[PDB]
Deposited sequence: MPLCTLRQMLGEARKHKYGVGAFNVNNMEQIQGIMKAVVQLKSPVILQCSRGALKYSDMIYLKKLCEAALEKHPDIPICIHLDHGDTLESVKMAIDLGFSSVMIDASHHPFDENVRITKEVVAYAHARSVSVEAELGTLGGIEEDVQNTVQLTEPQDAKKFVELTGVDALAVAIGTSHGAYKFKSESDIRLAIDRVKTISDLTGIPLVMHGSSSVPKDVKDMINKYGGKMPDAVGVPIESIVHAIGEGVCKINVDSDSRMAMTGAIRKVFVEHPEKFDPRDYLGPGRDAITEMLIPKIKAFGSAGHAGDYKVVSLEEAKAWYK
C-alpha cells in the first residue's frame, strides 16, 4: 500500500536496516525495481525528481506508480519527490498523490534553509505527507537544532573515520538519516560495448552507516548504467534487432539483477510484511 516515509524509515530505524530509494523515470525502470523488491519481500521508496516528472509529463509517471501500487498491494511503497526545490514543486507532487517529499535547500545559509524547509513541512504535515530535508562534515548540534526548528521526518547529512559522527547525528536528532548517492560488471560492460564512462567510482561503508542510523539509501546512477550497458550489448551482439522490447527488456532485467545484492546488503529483505501501513489521512494525526 502507499506508505509514508516517516513510517517506513521509522521501522527501518527501529530494526537497524536501510531501505533503498530508487529513482524511476519510465515503465521498464519501475518494473525492474519492483521485481527485485517483490522477490526479496522488501519495502521500497520509488523517487522522482522534478526532471523525471517533466520527462513523463507528470501524468504518465503518476499512473505507472498507481500500477505498481495496484499490482503489488502488499508491499509498502513510498512515492517520493527527490530534490524538490520549492514549495511549489512540493504542492505539485502532493497533488499527484505523493506520500513524501524532499525539500533540498542545503545550498542556502542555515537560516534560509530553515525558513524554506519549515514552510514545506507545514504544508506537507497538514496532509500527512513526510518531509526529508538536508543540511550540508555536519556539526551534530547544528543537525539537532535544524530538526528541532523544522520538524522534518528525515535528514540527509553530508557523510564520510567519523562514523561516530553519523551515530551522534542520529542520536541527537532522534530521526532517520538519509545517504545520497558503481559495480565492475556494469562499468566494464558499458566500455566493452562502446560507452565512455568517467573513471570516477564501497558497500561495506554503507552497511556500516546503516548500523548507526542511516535508513534511506538513494540509488540512481547504478540503475541507469545497468540499463545502458545491457542495451549497448544487444546493439553490438545483434545489430539486426530493432524492436525496443529486445533491448529494453534485457535492460530492465539488468536493473533487477544489479538491485538484488544491494537490497540484501541494506537489510530490508523480508520486512515488507512487518507493519500495517498508515494512510496519509490517518497520518495527519501524527502532526496533531
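Stretches of the deposited sequence absent from the structure, as judged by C-alpha coordinates, are 1, 138 to 151, 176 to 190, 212 to 214, 235 to 236.
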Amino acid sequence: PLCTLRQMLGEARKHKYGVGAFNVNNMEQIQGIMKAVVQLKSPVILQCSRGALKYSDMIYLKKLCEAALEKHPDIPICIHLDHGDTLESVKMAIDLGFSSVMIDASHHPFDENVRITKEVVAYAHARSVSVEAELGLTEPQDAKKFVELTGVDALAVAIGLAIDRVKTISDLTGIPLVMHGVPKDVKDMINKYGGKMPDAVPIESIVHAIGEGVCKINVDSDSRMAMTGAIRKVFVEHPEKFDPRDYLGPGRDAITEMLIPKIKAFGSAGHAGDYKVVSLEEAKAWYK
From here on, numbers count along this sequence of modelled residues.
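Annotation for 233 to 241 versus 215 to 223: the higher mean temperature factor (C-alpha) is found in 233 to 241. Note on 98 to 106 vs 163 to 171: mean CA B-factor is higher in 163 to 171. Based on the entry's C-alpha B-factors, the most elevated value among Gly151, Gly84, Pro183, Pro76 belongs to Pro183. Annotation for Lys144, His125, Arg115, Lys196: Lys196 ranks highest, by Cα B-factor.
Compared with the other modelled residues of the chain, the Cα B-factor recorded for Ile260 ranks in the highest third. When all modelled residues of the chain are sorted by CA temperature factor, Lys91 is found within the middle third. The deposited CA B-factor of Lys54 belongs to the highest third of values across its chain. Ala12: CA B factor in the lowest third of modelled residues in this chain (values from the PDB entry). The deposited CA B-factor of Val278 belongs to the highest third of values across its chain.
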